[PDB]
Structure formats: structure tokens, C-alpha cells
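Q: Protein chains in written order, with my numbering: chain D, 2 to 54; chain E, 293 to 344.
1) Measure the C-alpha to C-alpha separation of residue 337 of chain E and residue 51 of chain D and round it to an integer number of angstroms.
2) Decide if the stretch 38 to 52 of chain D is in contact with the stretch 327 to 343 of chain E; the criterion is three or more beta carbon pairs, one per stretch, under 8 angstroms apart.
3) Kindly say whether residue 337 of chain E, judged by its beta-carbon, lies nearer than 7 angstroms to any beta-carbon of chain D.
4) Kindly indicate the opening and closing residues of the alpha helix (DSSP H) around residue 48 of chain D.
5) Where does residue 306 of chain E sit, in a helix, a strand or coil, going by DSSP?
6) Could you name the residues of the stretch 310 to 336 of chain E whose beta carbon sits closer than 8 angstroms to any beta carbon of chain D, in the order they occur along the chain?
Shown next as C-alpha cells:
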């Protein structure tokens, strides 16, 4: 919050508006996520895929 | 005259009749040691042998 002051000689502020309390917020939200997919056959890993890791 | 008895039930015994079979001798005689475990994941789908 923020506030403002007044400069008056005798300190009586009759008839003058005071501070207003206003609350604000900051929003955070999730988004799309990252996906990596692969596929392979059976004989492909049986006779053709080595050092898979 | 007619009786038409439906007291009995047509049951099927839990037994299996014998079937037919055949002999496997050609696989035993043909050579199997040269090709045994020669195709793997680091060779592909083909292996070769040299000629005299």
C-alpha cells in the first residue's frame, strides 16, 4: 500500500478527502507442458537397436 | 402311448479324445551350430559366411 500526506497550518482537515484503501493482486498461472515421445517395433529392438540408453 | 420324459439332462463328460501327431526329425539332423546365436542387435537381419 501507499499513502499521501497533507500540509496544513493548524492541522484541522475538515472538508478534505482522506486516503483510500485499494488492494491489488498479482496472478500466476500454469501453462502448456513439454512432452517428448518415441516408439519402435519389436524386431527393431531385437536385431537393430543396441546401446539404447 | 407317448411319455415324453424331460427329466434327463444331456451332459458332456469332461474328457478329451486322442488326436493326431507327426514326427520331427529333419530339424534335428540339419546343421544348427554354425548359425547358433549369430544374428543379434548389432548385425541386422543378415549374416554371411566365406566360401572355399
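For every residue, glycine included, the Cβ atom is placed at its ideal position computed from N, Cα and C.
A: With the given structure in hand:
1) Note on geometry: alpha-carbon atoms of residue 337 of chain E and residue 51 of chain D lie some 14 angstroms from one another.
2) Yes: at least three Cβ pairs fall under 8 angstroms.
3) So yes, residue 337 of chain E belongs to the interface.
4) Going by DSSP, residue 48 of chain D is part of the alpha helix (DSSP H) stretching over 43 to 48.
5) Residue state, collapsed to three classes: coil.
6) Only those residues of the stretch 310 to 336 of chain E whose C-beta falls short of 8 angstroms from the nearest C-beta of chain D are listed: 331, 332, 333, 334, 335, 336.
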